[PDB]
>>> print(open('entry.csv').read())   # CSV, C-alpha atoms
chain,number,residue,atom,x,y,z
A,1,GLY,CA,29.4,44.7,8.3
A,2,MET,CA,26.9,47.4,8.9
A,3,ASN,CA,26.4,48.1,5.2
A,4,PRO,CA,24.7,44.9,4.0
A,5,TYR,CA,25.8,45.4,0.4
A,6,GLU,CA,29.6,45.5,1.0
A,7,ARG,CA,31.3,42.7,-0.9
A,8,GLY,CA,34.9,41.6,-1.3
A,9,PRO,CA,38.2,42.6,0.4
A,10,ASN,CA,39.0,46.2,1.3
A,11,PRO,CA,40.1,47.8,-1.9
A,12,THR,CA,43.5,49.0,-3.0
A,13,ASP,CA,44.8,50.6,-6.2
A,14,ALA,CA,46.5,47.3,-7.1
A,15,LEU,CA,43.4,45.2,-6.5
A,16,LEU,CA,41.3,47.5,-8.7
A,17,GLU,CA,43.9,47.7,-11.4
A,18,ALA,CA,44.3,43.9,-11.7
A,19,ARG,CA,43.0,42.0,-14.8
A,20,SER,CA,40.5,40.2,-12.6
A,21,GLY,CA,38.9,41.1,-9.3
A,22,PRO,CA,38.6,38.8,-6.3
A,23,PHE,CA,35.3,37.1,-7.2
A,24,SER,CA,35.3,33.8,-9.2
A,25,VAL,CA,32.9,34.3,-12.1
A,26,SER,CA,30.8,32.0,-14.3
A,27,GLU,CA,28.9,32.7,-17.5
A,28,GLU,CA,25.3,32.2,-18.5
A,29,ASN,CA,24.7,32.4,-22.3
A,30,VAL,CA,21.7,34.4,-23.4
A,31,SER,CA,20.9,33.3,-27.0
A,32,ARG,CA,19.6,35.8,-29.5
A,33,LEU,CA,16.4,33.6,-29.6
A,34,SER,CA,15.9,33.6,-25.9
A,35,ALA,CA,16.3,37.4,-25.7
A,36,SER,CA,13.1,39.5,-25.7
A,37,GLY,CA,13.9,43.1,-26.9
A,38,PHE,CA,17.6,42.8,-27.4
A,39,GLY,CA,20.1,40.7,-29.4
A,40,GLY,CA,21.3,38.2,-26.8
A,41,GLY,CA,24.5,38.4,-24.7
A,42,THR,CA,26.4,36.9,-21.9
A,43,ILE,CA,25.7,37.1,-18.1
A,44,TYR,CA,28.8,37.1,-15.9
A,45,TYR,CA,28.0,36.4,-12.3
A,46,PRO,CA,29.9,35.7,-9.1
A,47,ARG,CA,29.8,32.0,-8.0
A,48,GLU,CA,29.9,33.0,-4.3
A,49,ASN,CA,26.5,32.7,-2.6
A,50,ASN,CA,25.8,36.5,-2.1
A,51,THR,CA,23.3,38.8,-3.7
A,52,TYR,CA,24.8,41.5,-5.9
A,53,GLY,CA,23.7,44.5,-7.9
A,54,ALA,CA,23.1,43.9,-11.6
A,55,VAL,CA,24.5,45.8,-14.6
A,56,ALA,CA,23.6,45.9,-18.3
A,57,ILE,CA,26.2,47.1,-20.8
A,58,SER,CA,25.5,48.0,-24.4
A,59,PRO,CA,28.0,48.3,-27.3
A,60,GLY,CA,28.0,51.1,-29.9
A,61,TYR,CA,27.2,51.6,-33.6
A,62,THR,CA,28.4,48.6,-35.7
A,63,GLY,CA,29.7,47.1,-32.4
A,64,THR,CA,29.1,43.6,-31.2
A,65,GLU,CA,29.1,42.1,-27.7
A,66,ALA,CA,32.8,41.3,-28.1
A,67,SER,CA,33.7,45.0,-28.1
A,68,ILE,CA,32.6,45.3,-24.5
A,69,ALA,CA,33.0,41.7,-23.2
A,70,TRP,CA,36.2,42.3,-21.3
A,71,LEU,CA,34.6,45.1,-19.2
A,72,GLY,CA,31.5,43.0,-18.2
A,73,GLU,CA,33.7,40.1,-17.0
A,74,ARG,CA,36.1,42.4,-15.1
A,75,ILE,CA,33.2,44.2,-13.4
A,76,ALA,CA,31.5,41.0,-12.5
A,77,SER,CA,34.7,39.7,-10.9
A,78,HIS,CA,34.4,42.6,-8.4
A,79,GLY,CA,31.0,41.4,-7.2
A,80,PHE,CA,28.3,42.2,-9.7
A,81,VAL,CA,26.0,40.3,-12.1
A,82,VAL,CA,26.7,41.8,-15.5
A,83,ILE,CA,25.1,41.3,-18.9
A,84,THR,CA,27.0,42.3,-22.1
A,85,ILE,CA,24.6,42.4,-25.0
A,86,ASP,CA,24.4,42.4,-28.7
A,87,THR,CA,21.8,44.8,-30.0
A,88,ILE,CA,18.9,43.8,-32.3
A,89,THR,CA,20.9,45.2,-35.2
A,90,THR,CA,24.3,46.7,-35.2
A,91,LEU,CA,22.9,49.9,-36.6
A,92,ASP,CA,20.5,50.6,-33.8
A,93,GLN,CA,20.3,54.2,-32.6
A,94,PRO,CA,20.8,55.3,-29.0
A,95,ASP,CA,17.1,55.4,-28.0
A,96,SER,CA,16.7,51.9,-29.3
A,97,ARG,CA,19.7,50.9,-27.3
A,98,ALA,CA,18.1,52.4,-24.2
A,99,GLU,CA,15.1,50.2,-24.7
A,100,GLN,CA,17.4,47.2,-25.1
A,101,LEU,CA,19.3,48.0,-22.0
A,102,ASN,CA,16.0,48.0,-20.2
A,103,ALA,CA,15.1,44.6,-21.8
A,104,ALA,CA,18.5,43.2,-20.8
A,105,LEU,CA,18.0,44.3,-17.1
A,106,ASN,CA,14.6,42.6,-17.2
A,107,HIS,CA,16.0,39.5,-18.7
A,108,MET,CA,18.5,39.1,-15.9
A,109,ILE,CA,15.8,39.6,-13.3
A,110,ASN,CA,13.0,37.6,-14.9
A,111,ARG,CA,14.3,35.3,-17.6
A,112,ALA,CA,17.7,34.0,-16.6
A,113,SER,CA,18.2,30.8,-14.7
A,114,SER,CA,17.5,30.5,-11.0
A,115,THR,CA,21.3,30.4,-10.6
A,116,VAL,CA,21.5,34.0,-12.0
A,117,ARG,CA,18.2,35.3,-10.6
A,118,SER,CA,18.9,34.2,-7.1
A,119,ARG,CA,22.2,36.1,-7.0
A,120,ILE,CA,20.7,39.4,-8.1
A,121,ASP,CA,19.3,42.1,-5.8
A,122,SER,CA,16.8,43.3,-8.4
A,123,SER,CA,16.5,46.6,-6.5
A,124,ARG,CA,20.1,47.7,-7.2
A,125,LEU,CA,20.6,48.1,-11.0
A,126,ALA,CA,23.0,50.0,-13.2
A,127,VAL,CA,23.6,50.6,-16.9
A,128,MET,CA,26.7,51.3,-19.0
A,129,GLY,CA,27.4,51.6,-22.7
A,130,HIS,CA,30.0,52.4,-25.3
A,131,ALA,CA,29.3,55.4,-27.6
A,132,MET,CA,25.8,55.2,-28.9
A,133,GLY,CA,25.4,52.6,-26.2
A,134,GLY,CA,26.4,55.3,-23.8
A,135,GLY,CA,23.8,57.5,-25.2
A,136,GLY,CA,21.4,54.7,-24.6
A,137,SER,CA,22.5,54.5,-21.0
A,138,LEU,CA,21.8,58.2,-20.6
A,139,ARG,CA,18.3,58.0,-22.1
A,140,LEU,CA,17.4,55.0,-19.9
A,141,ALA,CA,18.8,56.8,-16.8
A,142,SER,CA,16.6,59.8,-17.7
A,143,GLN,CA,13.6,57.4,-17.9
A,144,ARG,CA,14.5,55.3,-14.8
A,145,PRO,CA,15.5,57.4,-11.8
A,146,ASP,CA,15.3,54.1,-9.8
A,147,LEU,CA,18.6,53.0,-11.4
A,148,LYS,CA,21.6,53.3,-9.0
A,149,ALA,CA,24.3,54.2,-11.5
A,150,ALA,CA,25.0,54.9,-15.1
A,151,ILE,CA,28.4,54.8,-16.9
A,152,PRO,CA,28.4,56.2,-20.4
A,153,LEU,CA,31.7,55.5,-22.1
A,154,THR,CA,32.9,57.9,-24.9
A,155,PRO,CA,29.2,58.6,-25.2
A,156,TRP,CA,27.1,60.0,-28.0
A,157,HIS,CA,23.4,61.0,-28.1
A,158,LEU,CA,21.6,63.4,-30.4
A,159,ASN,CA,20.6,65.2,-27.2
A,160,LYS,CA,23.4,66.5,-25.0
A,161,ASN,CA,21.1,68.0,-22.3
A,162,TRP,CA,20.7,65.3,-19.6
A,163,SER,CA,19.8,67.7,-16.8
A,164,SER,CA,16.7,65.5,-16.1
A,165,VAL,CA,19.0,62.6,-15.0
A,166,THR,CA,19.3,62.0,-11.2
A,167,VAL,CA,21.1,58.7,-11.4
A,168,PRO,CA,24.8,58.9,-10.2
A,169,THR,CA,26.6,59.2,-13.6
A,170,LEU,CA,30.3,58.7,-14.5
A,171,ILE,CA,31.0,60.1,-17.9
A,172,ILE,CA,34.2,58.7,-19.4
A,173,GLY,CA,35.7,60.6,-22.3
A,174,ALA,CA,38.7,60.1,-24.6
A,175,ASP,CA,40.9,63.1,-25.4
A,176,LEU,CA,41.6,62.0,-29.0
A,177,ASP,CA,38.1,60.8,-29.8
A,178,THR,CA,37.2,62.1,-33.3
A,179,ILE,CA,33.9,60.1,-33.6
A,180,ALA,CA,32.2,61.4,-30.4
A,181,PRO,CA,34.5,64.3,-29.6
A,182,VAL,CA,34.4,65.2,-25.9
A,183,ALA,CA,34.2,68.9,-27.0
A,184,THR,CA,30.8,68.4,-28.5
A,185,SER,CA,29.5,65.3,-26.8
A,186,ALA,CA,31.0,64.0,-23.5
A,187,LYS,CA,31.7,67.4,-22.0
A,188,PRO,CA,28.4,69.1,-22.9
A,189,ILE,CA,26.7,65.9,-21.6
A,190,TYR,CA,28.6,66.0,-18.3
A,191,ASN,CA,28.0,69.7,-17.8
A,192,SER,CA,24.3,69.3,-18.3
A,193,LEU,CA,24.0,67.0,-15.3
A,194,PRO,CA,23.0,68.8,-12.2
A,195,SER,CA,25.4,70.0,-9.5
A,196,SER,CA,23.2,68.3,-6.9
A,197,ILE,CA,23.7,64.7,-8.2
A,198,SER,CA,26.7,62.5,-7.7
A,199,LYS,CA,28.6,62.8,-11.0
A,200,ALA,CA,32.1,62.7,-12.4
A,201,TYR,CA,33.9,63.3,-15.7
A,202,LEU,CA,37.0,61.2,-16.5
A,203,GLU,CA,38.9,61.9,-19.7
A,204,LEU,CA,41.5,59.3,-20.7
A,205,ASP,CA,44.9,60.5,-21.9
A,206,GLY,CA,46.1,59.4,-25.3
A,207,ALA,CA,42.8,57.7,-26.0
A,208,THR,CA,40.7,57.2,-29.1
A,209,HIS,CA,37.0,56.4,-29.4
A,210,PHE,CA,37.9,52.8,-29.1
A,211,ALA,CA,39.8,52.9,-25.8
A,212,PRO,CA,36.8,51.2,-24.1
A,213,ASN,CA,37.0,48.2,-26.4
A,214,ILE,CA,40.3,46.8,-25.2
A,215,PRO,CA,41.2,46.0,-21.5
A,216,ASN,CA,42.0,49.3,-19.9
A,217,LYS,CA,43.2,49.5,-16.3
A,218,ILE,CA,41.8,53.0,-15.7
A,219,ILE,CA,38.3,52.3,-17.2
A,220,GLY,CA,38.2,49.1,-15.2
A,221,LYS,CA,39.3,50.7,-11.9
A,222,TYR,CA,37.0,53.7,-12.0
A,223,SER,CA,34.0,51.8,-13.4
A,224,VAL,CA,34.3,49.4,-10.5
A,225,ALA,CA,34.8,52.2,-8.0
A,226,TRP,CA,31.7,54.0,-9.3
A,227,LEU,CA,29.5,50.9,-9.2
A,228,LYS,CA,30.8,50.0,-5.8
A,229,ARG,CA,30.1,53.4,-4.4
A,230,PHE,CA,26.6,53.9,-5.8
A,231,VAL,CA,25.2,50.4,-6.5
A,232,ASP,CA,26.5,49.0,-3.2
A,233,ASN,CA,26.6,52.3,-1.2
A,234,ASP,CA,30.1,51.1,-0.5
A,235,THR,CA,32.0,54.0,1.1
A,236,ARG,CA,35.3,52.1,1.1
A,237,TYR,CA,35.4,53.2,-2.6
A,238,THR,CA,34.7,56.9,-2.0
A,239,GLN,CA,38.5,57.5,-1.6
A,240,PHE,CA,39.1,56.5,-5.2
A,241,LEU,CA,36.5,58.9,-6.6
A,242,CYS,CA,37.2,61.9,-4.3
A,243,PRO,CA,39.2,63.9,-5.1
A,244,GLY,CA,39.8,61.2,-7.8
A,245,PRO,CA,42.5,60.3,-10.3
A,246,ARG,CA,45.3,62.8,-10.8
A,247,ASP,CA,46.2,64.2,-14.1
A,248,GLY,CA,49.7,65.2,-15.4
A,249,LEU,CA,53.0,63.4,-15.4
A,250,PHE,CA,52.4,60.6,-12.8
A,251,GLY,CA,48.7,60.7,-13.2
A,252,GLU,CA,46.0,58.4,-14.6
A,253,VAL,CA,43.9,60.7,-16.7
A,254,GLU,CA,43.9,63.8,-18.9
A,255,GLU,CA,41.2,65.5,-16.8
A,256,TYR,CA,38.9,64.6,-13.9
A,257,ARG,CA,35.9,66.5,-12.6
A,258,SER,CA,33.4,65.6,-9.9
A,259,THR,CA,30.7,66.7,-7.5
A,260,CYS,CA,32.8,65.3,-4.7
A,261,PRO,CA,32.5,65.0,-1.7
A,262,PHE,CA,30.4,61.8,-2.0
>>> encode(input="entry.csv", output="structure tokens")
Amino acid sequence: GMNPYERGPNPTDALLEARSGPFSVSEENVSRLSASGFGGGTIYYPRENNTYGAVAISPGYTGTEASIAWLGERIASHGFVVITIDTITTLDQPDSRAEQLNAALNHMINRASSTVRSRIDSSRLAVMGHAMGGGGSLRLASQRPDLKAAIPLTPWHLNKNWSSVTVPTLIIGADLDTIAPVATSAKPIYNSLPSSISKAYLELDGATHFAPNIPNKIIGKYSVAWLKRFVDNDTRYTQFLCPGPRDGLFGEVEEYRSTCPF
């Protein structure tokens, strides 16, 4: 098609809500010893002979790669090369996690096997992270306006003012989070982002701080729609983001805000 970055079948709610997307995925192990500037991890990549955008995902404080593994694989299965990382130590702070997200992106582009490197369009990169890892994704986005998307999940950073970020950013909050409360963290972060960038706020209903650490159909669906729209420029996914998920009785979320139209 006209957009050279479109991958996969035309989307539906059911296809985005499924446990796995349409792309067969393989894994490349990144040992802690092979990793420069992060703690190792796993690269999930589509076996099909396309090039895809690449995504690095960081866990949060005391969290391991296993706390975010499901989301990396799910996203990769919709047509992305995704690394889920361990950090250098489990106690690393958000700004350290930002440096490690950068190191993880660089590893995929420079240090992985030719099998992985040949499937990456190194010009189309995104970052994600849970909690302090979401704070890391915000810091790195602020330093790297070349990134195509950022998805901070139940994020925390010391700094809530990310008005300098121009990367399309989807903030995911959890209404029952007591560890990084949306009242003091996710919502101040989201409202700091400029009106003039592509951004959205998605607050999960009945959700704790740890909602991102188990398979979650809503997180999977809208993370994939966000990356599709902004890493792939794929306007087939605009309809999922704008006006976006409904709230209330038959809805998907507690609250959704956006700078739609995209």
>>> atom_distance(input="entry.csv", atom1="atom CA of residue A:17", atom2="atom CA of residue A:237")
13.4 Å
>>> residues_around(input="entry.csv", residues="residue A:159", least_positions_apart="2", cutoff="10 Å", atoms="only C-alpha atoms", output="list in words")
residues 135, 138, 139, 156, 157, 161, 162, 185, 188 and 189 of chain A
>>> residues_around(input="entry.csv", residues="residue A:148", least_positions_apart="3", cutoff="7 Å", atoms="all atoms listed in the file", output="list in words")
residues 124, 125, 126, 167, 168, 230 and 231 of chain A
>>> residues_around(input="entry.csv", residues="residue A:141", least_positions_apart="5", cutoff="10 Å", atoms="only C-alpha atoms", output="NGL selection string")
:A and (98 or 102 or 126-128 or 135-136 or 146-151 or 162 or 164-169)
>>> closest_residue(input="entry.csv", among="A:21, A:79, A:72, A:152", to="residue A:46", atoms="all atoms listed in the file")
A:79
>>> closest_residue(input="entry.csv", among="A:35, A:47, A:59, A:80", to="residue A:227", atoms="all atoms listed in the file")
A:80
>>> closest_residue(input="entry.csv", among="A:174, A:15, A:68, A:260", to="residue A:195", atoms="all atoms listed in the file")
A:260
>>> closest_residue(input="entry.csv", among="A:183, A:71, A:170, A:176", to="residue A:258", atoms="all atoms listed in the file")
A:170
>>> closest_residue(input="entry.csv", among="A:220, A:206, A:53, A:22", to="residue A:123", atoms="all atoms listed in the file")
A:53
>>> atom_distance(input="entry.csv", atom1="atom CA of residue A:76", atom2="atom CA of residue A:232")
13.2 Å
>>> closest_atom_pairs(input="entry.csv", of="stretch 56-79 of chain A", to="stretch 86-96 of chain A", cutoff="9 Å", atoms="only C-alpha atoms", output="JSON lines")
{"residue": "A:58", "atom": "CA", "partner": "A:86", "partner_atom": "CA", "distance": 7.1}
{"residue": "A:59", "atom": "CA", "partner": "A:86", "partner_atom": "CA", "distance": 7.1}
{"residue": "A:60", "atom": "CA", "partner": "A:90", "partner_atom": "CA", "distance": 7.8}
{"residue": "A:61", "atom": "CA", "partner": "A:91", "partner_atom": "CA", "distance": 5.5}
{"residue": "A:62", "atom": "CA", "partner": "A:90", "partner_atom": "CA", "distance": 4.5}
{"residue": "A:63", "atom": "CA", "partner": "A:90", "partner_atom": "CA", "distance": 6.1}
{"residue": "A:64", "atom": "CA", "partner": "A:86", "partner_atom": "CA", "distance": 5.5}
{"residue": "A:65", "atom": "CA", "partner": "A:86", "partner_atom": "CA", "distance": 4.8}
{"residue": "A:66", "atom": "CA", "partner": "A:86", "partner_atom": "CA", "distance": 8.5}
>>> closest_residue(input="entry.csv", among="A:192, A:67, A:29, A:100", to="residue A:130", atoms="all atoms listed in the file")
A:67
>>> axis_aligned_box(input="entry.csv", around="stretch 103-120 of chain A", padding_each_side="5 Å", output="lines of an AutoDock Vina configuration file")
center_x = 17.6
center_y = 37.5
center_z = -14.4
size_x = 19.2
size_y = 24.2
size_z = 24.8
>>> residues_around(input="entry.csv", residues="residue A:5", least_positions_apart="4", cutoff="8 Å", atoms="all atoms listed in the file", output="list in words")
residues 52, 232, 233 and 234 of chain A
>>> atom_distance(input="entry.csv", atom1="atom CA of residue A:26", atom2="atom CA of residue A:134")
25.5 Å
>>> build_atoms(input="entry.csv", residues="stretch 211-223 of chain A", atoms="N, CA and C atoms", output="mmCIF file, in the coordinates of the input")
data_model
loop_
_atom_site.group_PDB
_atom_site.id
_atom_site.type_symbol
_atom_site.label_atom_id
_atom_site.label_comp_id
_atom_site.auth_asym_id
_atom_site.auth_seq_id
_atom_site.Cartn_x
_atom_site.Cartn_y
_atom_site.Cartn_z
ATOM 1 N N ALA A 211 39.196 53.262 -27.114
ATOM 2 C CA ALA A 211 39.800 52.900 -25.800
ATOM 3 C C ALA A 211 38.955 51.974 -24.991
ATOM 4 N N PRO A 212 37.627 52.144 -24.909
ATOM 5 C CA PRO A 212 36.800 51.200 -24.100
ATOM 6 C C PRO A 212 36.740 49.809 -24.626
ATOM 7 N N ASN A 213 37.197 49.542 -25.846
ATOM 8 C CA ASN A 213 37.000 48.200 -26.400
ATOM 9 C C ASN A 213 38.173 47.282 -26.233
ATOM 10 N N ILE A 214 39.229 47.717 -25.553
ATOM 11 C CA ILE A 214 40.300 46.800 -25.200
ATOM 12 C C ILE A 214 40.542 46.970 -23.668
ATOM 13 N N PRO A 215 41.021 45.932 -22.978
ATOM 14 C CA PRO A 215 41.200 46.000 -21.500
ATOM 15 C C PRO A 215 42.008 47.269 -21.163
ATOM 16 N N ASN A 216 41.456 48.026 -20.227
ATOM 17 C CA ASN A 216 42.000 49.300 -19.900
ATOM 18 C C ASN A 216 41.921 49.444 -18.363
ATOM 19 N N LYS A 217 43.094 49.507 -17.731
ATOM 20 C CA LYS A 217 43.200 49.500 -16.300
ATOM 21 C C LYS A 217 42.422 50.666 -15.652
ATOM 22 N N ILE A 218 42.459 51.837 -16.296
ATOM 23 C CA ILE A 218 41.800 53.000 -15.700
ATOM 24 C C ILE A 218 40.283 52.884 -15.844
ATOM 25 N N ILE A 219 39.785 52.480 -17.017
ATOM 26 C CA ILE A 219 38.300 52.300 -17.200
ATOM 27 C C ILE A 219 37.865 51.217 -16.191
ATOM 28 N N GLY A 220 38.606 50.111 -16.075
ATOM 29 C CA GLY A 220 38.200 49.100 -15.200
ATOM 30 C C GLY A 220 38.162 49.526 -13.724
ATOM 31 N N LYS A 221 39.207 50.244 -13.311
ATOM 32 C CA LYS A 221 39.300 50.700 -11.900
ATOM 33 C C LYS A 221 38.203 51.654 -11.554
ATOM 34 N N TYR A 222 37.976 52.672 -12.385
ATOM 35 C CA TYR A 222 37.000 53.700 -12.000
ATOM 36 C C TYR A 222 35.570 53.250 -12.271
ATOM 37 N N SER A 223 35.336 52.406 -13.281
ATOM 38 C CA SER A 223 34.000 51.800 -13.400
ATOM 39 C C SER A 223 33.635 51.013 -12.180
#
